[PDB]
Every structure is written in structure tokens, then in C-alpha cells.
Amino acid sequence: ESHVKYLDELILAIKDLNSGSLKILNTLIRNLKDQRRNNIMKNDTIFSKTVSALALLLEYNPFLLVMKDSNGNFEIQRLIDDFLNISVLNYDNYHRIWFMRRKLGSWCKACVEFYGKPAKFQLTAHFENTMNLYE
Amino acid sequence: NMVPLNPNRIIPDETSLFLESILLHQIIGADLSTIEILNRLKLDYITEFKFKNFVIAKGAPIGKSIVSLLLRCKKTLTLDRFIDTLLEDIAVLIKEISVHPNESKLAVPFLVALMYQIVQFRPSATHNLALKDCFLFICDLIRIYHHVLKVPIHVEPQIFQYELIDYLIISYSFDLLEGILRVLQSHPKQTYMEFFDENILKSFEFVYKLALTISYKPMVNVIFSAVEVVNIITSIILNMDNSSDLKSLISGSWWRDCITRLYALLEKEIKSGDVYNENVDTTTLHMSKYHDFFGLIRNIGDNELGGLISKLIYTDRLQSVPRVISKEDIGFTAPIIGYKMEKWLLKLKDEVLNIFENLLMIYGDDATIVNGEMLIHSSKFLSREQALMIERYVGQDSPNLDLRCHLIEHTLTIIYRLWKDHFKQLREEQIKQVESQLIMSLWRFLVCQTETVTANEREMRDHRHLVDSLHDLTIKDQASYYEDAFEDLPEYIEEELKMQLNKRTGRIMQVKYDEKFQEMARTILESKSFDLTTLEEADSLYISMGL
């Protein structure tokens with residue numbers, strides 16, 4: 001449809017505007033706000049390709065997670081909670097959530113490793129407190 | 001619509017299932033209900049015993065009183081008070097047999113195993129006061145056994161007298177410290193501070209000084225236990241939001257006196273071909289014929305002495321002294337145990353560098369413990385294991401290739417966060433003292449930037465067919481056993497399998513590293529937080545890939 005080319009051109013522009021601008025942030029906004037649908041949900045293929053292109057994207061953009069998204073924290077956790085809720089849209093699929101958690105381990109974990117106490121604490125507070133929240 | 005209900009909600013009591021686990025206590029190879037194990041422990045000399053009602057006599061088994069307690073203590077005590085009562089009573093036992101050198105101590109190993117089923121039973125249920133006291137009582141038992149406190153490095157010739165008694169109880173007691181502090185870790189992030197007592201931390205500092213015995217051959221079951229205890233302390237540190245208080249308690253002297261022997265650990269070698277071999281000590285992790293088995297969490301591999309743990313209690317006769325656990329009647333078919341031991345000591349080295357990178361995170365700002373001596377030794381680790389892998393752990397077809405990869409990438413994270421922010425400790429001393437390690441840690445991931453290595457589907461599959469055959473057989477064990485939708489796939493799952501495996505074995509090859517990791521070794525050079533290389537030296541590495 002209109003998003004198969006979105007993921008294809010996403011990886012194409014990742015190759016193009018690589019290095020020797022930075023409208024990659026608008027694309028990250030679009031690819032955070034462009035997956036909460038059931039319109040083609042049964043086509044796990046295109047969703048997988050777009051979200052894994054996002055995986056490689058933020059793999060090429062740990063620095064995007066140290067931009068301090070206005071909310072009292074960095075971009076890391078406002079990333080990962082939207083992550084989590086797209087997952088709870090798509091909860092069951094075993095390998096989908098498998099590679100999906102692996103993608104968070106290549107994005108949110110990369111942010112914590114790049115920084116120090118700040119990023120680590122931001123992630124810890126939210127997930128320990130959401131563990132307590134669910135229990 | 002509405003959620004439904006139940007007429008006869010039959011909840012087994014928490015202490016009910018407690019006695020379940022406790023009575024059927026068992027340790028791998030200790031074939032029994034370890035409560036029964038205990039039931040096979042009579043002690044003639046001590047004919048008088050009683051702490052919280054603990055009657056014991058000549059031919060009167062430790063276990064007979066153990067069952068005594070367990071049973072009526074169920075109706076008397078609650079969950080955590082049951083825990084505490086076991087801890088303290090069976091701890092008085094721990095002691096008065098430990099300070100009773102005339103008797104043998106077959107009690108304390110499985111007593112401590114019981115202590116572990118206790119400890120494990122729940123994190124939240126188990127209470128930090130009880131946990132506090134358990135470690136203190138273990139320290140008192142070690143003081144009572146001053147003669148056999150550590151393992152002094154030829155009266156020892158295949159004779160398991162105190163080796164299957166006091167020394168076996170030592171491994172058990174060390175695994176107990178480990179799991180004690182692990183349940184402390186699991187206790188919620190709010191209520192550690194009561195545990196944080198310099199009584200606790202000084203006693204541990206001493207027991208660590210006895211375990212990582214640099215001057216006497218340190219039993220590796222014990223080494224594992226102690227380094228894991230350190231990991232647990234550092235983790236409860238990362239956890240207690242009011243970390244300033246705990247960090248105030250942990251002396252900078254504590255930090256140093258521990259992390260220095262952790263250096264002496266991380267720089268003892270991992271050599272499967274001789275792991276179970278008491279040869280060049282202070283390097284090869286022995287734990288050979290002399291002493292190898294599980295303990296209380298450790299799946300050390302074979303658990304060779306495991307079935308001997310059952311063979312410790314007659315399980316066919318009342319014994320005043322331990323039934324011989326043979327020291328080298330032991331196992332041996334093929335070193336998959338040595339391979340898993342490599343992976344095991346590699347997870348030990350991982351724990352070391354893990355708490356290292358973790359203190360580099362919390363102590364992000366100026367820190368007497370982020371001194372850059374950290375930089376020196378940890379970057380040494382990085383470059384050293386990089387070399388070992390690309391030079392010897394290639395072609396070797398082990399699962400341990402993956403774990404050495406974990407080691408290198410995680411110490412990369414550590415030195416990188418050191419690079420990016422925490423130069424406020426760094427000086428030219430450490431800069432030039434270790435500039436080679438850092439700069440080449442950088443280039444190793446730089447040169448990976450080709451992306452022309454794989455570019456395809458016909459080659460890295462064959463590369464893994466070459467070296468990664470082990471983890472390939474494990475991805476097949478995965479596709480066959482260990483997951484669920486490995487059948488009638490949506491045409492993305494298997495594709496992800498193959499990209500992941502291909503990049504994986506590449507990551508074994510120190511090539512085609514995670515491009516995040518490529519940048520997270522590029523930026524230390526190119527970002528000028530420290531300009532390692534002048535303009536007359538930067539191009540000298542730029543040439544090595546083009547540029």
C-alpha cells in the first residue's frame with residue numbers, strides 16, 4: 001500500500017543520509033504514530049519490516065534518545081512505553097514479541113549504555129514501577 | 001461478560017506449600033528429601049542441645065530434630081517468622097557443630113541447603129531482618145571453624161576427610177551467602193537500608209578476602225559464590241533509590257578492597273582444555289578432582305559430586321560421620337562440561353565486568369571508584385578478549401564464542417560511557433598507559449563499517465556452517481524445541497532468524513558488528529571529548545579501511 005514503500009524508502013534514506021538536515025526525527029515520529037492499526041494487522045510482514053527498519057534506525061540513532069523529549073526525561077522512555085502499547089495491541093505473536101523485545105534491547109538499552117545514571121534510572125523507575133503497577 | 005467466581009476457592013497455604021518445598025528439599029544428586037538427608041545425621045559427642053526447643057543427644061539425628069521443628073513450627077510460626085526461626089535455630093546448630101571441631105559437620109552443608117530452600121522460598125515473604133541474621137550466623141560459624149576457614153594450598157592425596165565435610169559445607173555456605181544476598185536483591189527497592197549495616201558489609205568484606213584467595217588456591221565454586229555476592233551487593237546498590245545512604249555505608253575502602261581482587265579475578269584465565277585441572281594455579285580455574293559440584297544454585301555442569309551428595313548420607317544406615325563422597329571416583333565422556341564451564345566462568349567474568357559497567361553508570365560523575373584505574377584494567381579486558389576471540393576463539397566452534405562476544409561488547413559499553421562523560425578522573429598517565437587498547441577498541445568496530453562483508457545470503461550462512469556450527473545447532477534446537485511458532489511461519493519469523501544468526505556469527509568474527517557498536521567505538525575517536533590521535537595519527541588508522 002502506502003507504507004510498504006514507507007519502510008523501503010525508510011531504509012533507502014537511512015542509507016542515503018547516512019554520513020560522509022536530520023529529518024530522521026519526523027520519520028521517527030511518523031513510525032511511532034503509524035503502527036497502531038488493525039487495517040492490515042494480519043500482514044505481519046510489512047509491520048515487521050517497518051518496525052525492524054525502525055530498529056536499525058534507532059540503532060543508527062542512539063543520540064536521538066538523548067534529545068530529552070519534553071516530559072521530565074529523555075526520548076528513551078517515551079519511546080519504549082509507546083513500544084509496549086503497540087505490543088499490547090499485538091500481544092500474542094511469539095516471535096513478533098521475541099524480535100520486538102530484542103529491538104527494545106537494541107534501542108532503549110543502547111540509550112542507557114551510551115549515557116549513565118540518568119538514562120539508567122529513567123528506565124528503571126518506569127519498569128520497576130510498572131511491575132508494581134500490574135501487581 | 002463479568003469475571004466469574006468460585007464456591008470453594010481452595011488455596012494451599014503459603015506455609016503449606018512451604019513445607020512442601022522444605023520437606024521434599026532436594027539438591028541435584030542428593031537423591032532425597034533433604035529433610036530425610038538431615039534425618040541421617042546423628043551426633044554422639046553433643047548429647048545436650050536446645051535453642052528454641054532443639055533437643056539433640058548421642059544417637060539422636062540432626063534431622064530428627066529438624067523434622068521436629070519443621071512440623072510444630074508450621075502451626076506455631078508464620079511464613080517469615082518460620083523462616084527466621086529456622087535460620088536462627090538451625091544456625092545455632094550450624095555454630096555449635098562448627099565450634100565443635102571434635103565432631104564432623106555433615107550437618108552444616110544440608111542444613112545450609114535447607115537454609116536455601118528457606119531463603120529462596122519467596123523474596124517478598126522472606127524478611128530482611130532474618131536475612132541479615134542468617135549471614136551473621138554464617139560468619140560466626142566460619143569463625144568457629146577458624147582452622148578450616150579457607151582452602152590453604154601433600155597431606156591431600158585423594159582423601160575426602162574434611163574435604164567432603166568442612167570444605168563441602170564451605171561451598172554450600174558460600175552459595176548460601178550468594179542466594180541470601182540475591183533474595184536481598186529481590187527485596188523491593190525501598191527497604192534495603194536495614195540490611196545495609198557495616199556489620200554485614202565488613203563480615204562480607206572478610207569472607208570475600210577469604211574466598212578470592214589470591215595466595216591460596218581458591219576453590220572456584222567458592223570464587224563463583226563470592227563474585228555473585230559482590231554482584232548482588234552492587235545490584236541492591238543500583239536499586240535503593242536513596243542510593244546515597246548505601247553508598248555512604250559501603251566504604252571507598254570496601255569498593256577498592258573488593259574491585260581489586262575482582263581485577264585479579266577477571267585476569268585469571270578461562271581455559272577449557274585445563275579447567276578441571278589443578279596445574280598452573282592463580283590462572284587456570286582448577287575446581288578439578290579436588291572439589292567440583294553444584295552447591296545451592298550453581299549448575300556447575302556435570303554436578304559430579306551431585307549424586308555423591310546423596311552418597312554423603314548412607315541412605316541405608318544411621319551414620320555419625322559422613323558416608324565417603326569419593327573425591328576422584330568422580331567423572332568425563334567429552335568436554336561439553338569443560339565447554340559449559342568456559343561459558344560458566346565466562347558468565348563469572350561477565351558478572352565482574354557487569355557490576356563494573358554498572359558502577360560506571362550510577363557513579364557517572366566524579367567518583368573515588370571511577371578512578372580510571374577502572375579504565376586501565378577494563379579496557380585491558382576489552383582489547384585482550386577481542387584479541388583472544390579474533391585469534392583463537394575463531395574456528396573453535398564453541399557456544400563460549402557468544403559469551404566472549406558478550407564480554408567484549410559490554411566492556412566496550414563500560415569504557416565508552418567512561419570516554420563520553422567521565423574524563424574528570426582521567427589524566428595523561430592513564431591516557432598513554434592505555435591508549436592502544438582504547439584506540440583499537442575503536443578501530444575494531446570502525447573497520448566493520450564496510451557492510452560489503454555479507455551484503456547477501458549465500459556467504460554468512462556458510463560462515464556459520466564453518467565456525468558457528470554450535471550455535472547453529474542451537475538455533476535448530478530452538479526451531480525444534482524451545483519456541484512455539486516454528487511452524488507455518490508468516491514469512492518474517494524465519495527471515496529474522498537468518499538475519500539474526502548471520503549477524504550473530506559475524507559478531508563472533510569481530511566483523512559486521514552491530515552498527516550501534518560500530519558507532520559506539522567510532523565516537524570515542526572522532527568525537528573530541530578526548531582527541532586520542534593527533535592529525536598525524538588519526539589518518540594512520542583511517543587508512544586501514546580506506547578513508
# chains A, B, ... in the order shown; residues from 1 in each chain; ligands from 1
call {"tool": "interface_residues", "arguments": {"of": "chain B", "to": "chain A", "cutoff": "9 Å", "atoms": "only C-alpha atoms", "output": "ChimeraX atom specification"}}
result
/B:189,238-239,357-358,360-365,410,413-414,416-417,420-421,483-486,490-493,496,514-517,519-520
call {"tool": "select_by_dssp", "arguments": {"residues": "chain A", "states": "alpha helix (DSSP H)", "output": "VMD selection string"}}
result
chain A and resid 4 to 16 24 to 32 44 to 59 75 to 89 94 to 104 108 to 114 117 to 134
call {"tool": "write_last_selection", "arguments": {"atoms": "C-alpha atoms", "output": "short mmCIF file (atom, residue, chain, number, x, y, z; two decimals), in the first residue's frame"}}
result
data_model
loop_
_atom_site.label_atom_id
_atom_site.label_comp_id
_atom_site.auth_asym_id
_atom_site.auth_seq_id
_atom_site.Cartn_x
_atom_site.Cartn_y
_atom_site.Cartn_z
CA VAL A 4 5.41 -0.80 2.12
CA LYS A 5 7.20 1.96 0.22
CA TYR A 6 7.39 3.88 3.51
CA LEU A 7 9.62 1.18 5.01
CA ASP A 8 11.54 0.62 1.76
CA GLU A 9 12.29 4.33 1.38
CA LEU A 10 12.99 4.47 5.12
CA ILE A 11 15.90 2.07 4.76
CA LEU A 12 16.84 3.77 1.47
CA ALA A 13 17.08 7.19 3.14
CA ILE A 14 18.88 5.62 6.10
CA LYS A 15 21.47 4.57 3.53
CA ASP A 16 21.32 7.95 1.76
CA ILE A 24 15.03 11.48 10.63
CA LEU A 25 13.17 12.73 13.72
CA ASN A 26 9.98 13.43 11.77
CA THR A 27 10.25 9.91 10.36
CA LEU A 28 10.66 8.52 13.88
CA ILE A 29 7.53 10.42 14.92
CA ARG A 30 5.69 9.02 11.90
CA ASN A 31 6.90 5.48 12.64
CA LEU A 32 5.84 5.78 16.25
CA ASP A 44 2.69 -9.19 9.93
CA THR A 45 5.29 -8.94 7.15
CA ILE A 46 5.03 -5.23 6.39
CA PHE A 47 4.66 -4.26 10.04
CA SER A 48 7.72 -6.39 10.83
CA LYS A 49 9.77 -4.80 8.05
CA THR A 50 8.82 -1.26 9.11
CA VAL A 51 9.37 -1.79 12.84
CA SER A 52 12.66 -3.63 12.21
CA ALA A 53 13.73 -0.78 9.93
CA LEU A 54 12.92 1.38 12.96
CA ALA A 55 15.11 -0.99 14.98
CA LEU A 56 18.06 -0.45 12.65
CA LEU A 57 17.10 3.25 12.56
CA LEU A 58 17.45 3.89 16.27
CA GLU A 59 20.44 1.56 16.14
CA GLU A 75 13.44 10.23 24.36
CA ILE A 76 14.18 6.70 25.60
CA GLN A 77 11.16 6.03 27.76
CA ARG A 78 8.57 7.93 25.72
CA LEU A 79 9.90 5.61 23.03
CA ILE A 80 9.67 2.36 24.98
CA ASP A 81 6.22 2.83 26.50
CA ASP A 82 4.67 3.51 23.09
CA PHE A 83 6.62 0.43 22.04
CA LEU A 84 4.98 -1.54 24.84
CA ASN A 85 1.49 -0.38 23.97
CA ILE A 86 1.87 -1.25 20.28
CA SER A 87 2.94 -4.67 21.55
CA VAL A 88 -0.15 -4.97 23.74
CA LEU A 89 -2.06 -4.19 20.57
CA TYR A 94 5.55 -15.22 19.97
CA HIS A 95 8.34 -14.38 17.56
CA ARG A 96 6.89 -10.94 16.91
CA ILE A 97 7.27 -10.07 20.59
CA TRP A 98 10.57 -12.01 20.57
CA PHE A 99 12.26 -9.81 17.97
CA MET A 100 10.24 -6.91 19.40
CA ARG A 101 11.81 -7.17 22.85
CA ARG A 102 15.15 -7.72 21.12
CA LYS A 103 14.54 -4.43 19.30
CA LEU A 104 13.96 -2.64 22.59
CA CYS A 108 16.45 1.53 24.98
CA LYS A 109 19.42 -0.49 26.21
CA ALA A 110 21.67 1.33 23.75
CA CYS A 111 20.50 4.64 25.20
CA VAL A 112 21.30 3.60 28.76
CA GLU A 113 24.73 2.29 27.76
CA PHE A 114 25.52 5.48 25.86
CA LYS A 117 22.89 7.14 35.73
CA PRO A 118 20.26 9.45 34.19
CA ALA A 119 19.11 7.14 31.38
CA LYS A 120 19.50 4.03 33.52
CA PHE A 121 17.36 5.48 36.30
CA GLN A 122 14.71 6.71 33.87
CA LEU A 123 14.31 3.18 32.52
CA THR A 124 14.48 1.51 35.93
CA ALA A 125 11.86 3.72 37.60
CA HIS A 126 9.32 3.18 34.84
CA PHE A 127 9.69 -0.57 34.53
CA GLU A 128 10.06 -1.43 38.23
CA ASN A 129 7.09 0.82 38.95
CA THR A 130 5.04 -0.74 36.12
CA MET A 131 5.88 -4.18 37.51
CA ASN A 132 4.49 -2.92 40.82
CA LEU A 133 1.65 -1.25 38.88
CA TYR A 134 0.47 -4.51 37.32
#
call {"tool": "atom_distance", "arguments": {"atom1": "CA of residue 488 in chain B", "atom2": "CA of residue 507 in chain B"}}
result
29.1 Å
call {"tool": "atom_distance", "arguments": {"atom1": "CA of residue 457 in chain B", "atom2": "CA of residue 544 in chain B"}}
result
26.4 Å
call {"tool": "residues_around", "arguments": {"residues": "residue 70 in chain B", "least_positions_apart": "4", "cutoff": "9 Å", "atoms": "only C-alpha atoms", "output": "tab-separated table (two decimals) with C-alpha atoms, in the first residue's frame"}}
result
chain	number	residue	atom	x	y	z
B	19	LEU	CA	6.55	-27.35	53.99
B	22	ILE	CA	11.02	-27.82	52.62
B	23	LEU	CA	10.21	-31.41	53.47
B	65	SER	CA	15.14	-32.53	65.42
B	66	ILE	CA	14.84	-30.86	62.02
B	74	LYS	CA	4.40	-24.72	60.99
B	82	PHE	CA	9.07	-19.64	60.31
B	86	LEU	CA	14.74	-21.94	61.04
call {"tool": "atom_distance", "arguments": {"atom1": "CA of residue 343 in chain B", "atom2": "CA of residue 384 in chain B"}}
result
17.3 Å
call {"tool": "residues_around", "arguments": {"residues": "residue 37 in chain A", "least_positions_apart": "3", "cutoff": "10 Å", "atoms": "only C-alpha atoms", "output": "ChimeraX atom specification"}}
result
/A:33-34,40-41,86,89-90
call {"tool": "decode", "arguments": {"residues": "range 70-108 of chain A", "atoms": "N, CA and C atoms", "output": "tab-separated table (two decimals), in the first residue's frame"}}
result
chain	number	residue	atom	x	y	z
A	70	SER	N	10.59	16.47	25.84
A	70	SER	CA	9.93	17.26	26.92
A	70	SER	C	8.90	16.42	27.69
A	71	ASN	N	9.27	15.93	28.88
A	71	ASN	CA	8.36	15.14	29.74
A	71	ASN	C	9.06	14.85	31.07
A	72	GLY	N	10.18	15.53	31.34
A	72	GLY	CA	10.96	15.27	32.56
A	72	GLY	C	11.94	14.13	32.37
A	73	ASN	N	12.16	13.70	31.12
A	73	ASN	CA	13.08	12.57	30.82
A	73	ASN	C	13.63	12.71	29.40
A	74	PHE	N	14.36	11.70	28.92
A	74	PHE	CA	14.92	11.72	27.55
A	74	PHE	C	13.90	11.16	26.55
A	75	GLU	N	14.34	10.85	25.33
A	75	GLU	CA	13.44	10.23	24.36
A	75	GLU	C	13.25	8.74	24.63
A	76	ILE	N	14.09	8.16	25.48
A	76	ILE	CA	14.18	6.70	25.60
A	76	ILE	C	12.86	6.11	26.09
A	77	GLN	N	12.30	6.69	27.14
A	77	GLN	CA	11.16	6.03	27.76
A	77	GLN	C	9.84	6.39	27.08
A	78	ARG	N	9.71	7.62	26.58
A	78	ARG	CA	8.57	7.93	25.72
A	78	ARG	C	8.63	7.14	24.42
A	79	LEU	N	9.81	6.62	24.07
A	79	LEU	CA	9.90	5.61	23.03
A	79	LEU	C	9.33	4.28	23.52
A	80	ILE	N	9.89	3.76	24.62
A	80	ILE	CA	9.67	2.36	24.98
A	80	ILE	C	8.25	2.11	25.48
A	81	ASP	N	7.58	3.11	26.06
A	81	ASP	CA	6.22	2.83	26.50
A	81	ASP	C	5.25	2.78	25.32
A	82	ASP	N	5.44	3.64	24.32
A	82	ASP	CA	4.67	3.51	23.09
A	82	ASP	C	4.96	2.19	22.40
A	83	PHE	N	6.23	1.80	22.38
A	83	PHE	CA	6.62	0.43	22.04
A	83	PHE	C	5.72	-0.59	22.71
A	84	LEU	N	5.69	-0.55	24.05
A	84	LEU	CA	4.98	-1.54	24.84
A	84	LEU	C	3.50	-1.57	24.48
A	85	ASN	N	2.92	-0.40	24.24
A	85	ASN	CA	1.49	-0.38	23.97
A	85	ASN	C	1.16	-0.83	22.55
A	86	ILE	N	2.05	-0.61	21.59
A	86	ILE	CA	1.87	-1.25	20.28
A	86	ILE	C	1.95	-2.76	20.43
A	87	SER	N	2.86	-3.23	21.29
A	87	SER	CA	2.94	-4.67	21.55
A	87	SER	C	1.64	-5.19	22.15
A	88	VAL	N	1.08	-4.47	23.12
A	88	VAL	CA	-0.15	-4.97	23.74
A	88	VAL	C	-1.32	-4.86	22.77
A	89	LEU	N	-1.20	-4.02	21.74
A	89	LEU	CA	-2.06	-4.19	20.57
A	89	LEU	C	-1.83	-5.56	19.94
A	90	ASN	N	-0.57	-5.99	19.85
A	90	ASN	CA	-0.24	-7.18	19.07
A	90	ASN	C	0.35	-8.28	19.94
A	91	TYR	N	-0.31	-8.59	21.07
A	91	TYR	CA	0.36	-9.24	22.20
A	91	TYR	C	0.80	-10.67	21.88
A	92	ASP	N	-0.04	-11.45	21.21
A	92	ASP	CA	0.12	-12.90	21.25
A	92	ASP	C	1.39	-13.36	20.54
A	93	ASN	N	1.62	-12.86	19.32
A	93	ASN	CA	2.61	-13.41	18.39
A	93	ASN	C	3.98	-13.60	19.05
A	94	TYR	N	4.39	-14.87	19.16
A	94	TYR	CA	5.55	-15.22	19.97
A	94	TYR	C	6.83	-14.62	19.40
A	95	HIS	N	7.11	-14.88	18.13
A	95	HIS	CA	8.34	-14.38	17.56
A	95	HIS	C	8.25	-12.89	17.25
A	96	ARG	N	7.04	-12.38	17.04
A	96	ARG	CA	6.89	-10.94	16.91
A	96	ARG	C	7.35	-10.24	18.17
A	97	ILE	N	6.82	-10.66	19.33
A	97	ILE	CA	7.27	-10.07	20.59
A	97	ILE	C	8.70	-10.46	20.91
A	98	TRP	N	9.18	-11.59	20.40
A	98	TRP	CA	10.57	-12.01	20.57
A	98	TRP	C	11.51	-10.99	19.95
A	99	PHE	N	11.46	-10.84	18.62
A	99	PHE	CA	12.26	-9.81	17.97
A	99	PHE	C	11.89	-8.42	18.46
A	100	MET	N	10.67	-8.23	18.96
A	100	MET	CA	10.24	-6.91	19.40
A	100	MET	C	10.94	-6.51	20.69
A	101	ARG	N	11.02	-7.43	21.65
A	101	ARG	CA	11.81	-7.17	22.85
A	101	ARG	C	13.29	-7.06	22.51
A	102	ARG	N	13.76	-7.84	21.54
A	102	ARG	CA	15.15	-7.72	21.12
A	102	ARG	C	15.41	-6.34	20.52
A	103	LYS	N	14.39	-5.76	19.89
A	103	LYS	CA	14.54	-4.43	19.30
A	103	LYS	C	14.61	-3.37	20.38
A	104	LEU	N	13.88	-3.58	21.47
A	104	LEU	CA	13.96	-2.64	22.59
A	104	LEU	C	15.30	-2.81	23.27
A	105	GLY	N	15.87	-4.01	23.20
A	105	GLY	CA	17.18	-4.25	23.77
A	105	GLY	C	18.27	-3.71	22.87
A	106	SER	N	17.89	-3.22	21.69
A	106	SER	CA	18.87	-2.63	20.79
A	106	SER	C	18.60	-1.14	20.68
A	107	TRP	N	17.59	-0.65	21.39
A	107	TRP	CA	17.26	0.77	21.34
A	107	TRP	C	17.33	1.41	22.72
A	108	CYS	N	16.46	0.97	23.63
A	108	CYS	CA	16.45	1.53	24.98
A	108	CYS	C	17.71	1.16	25.74
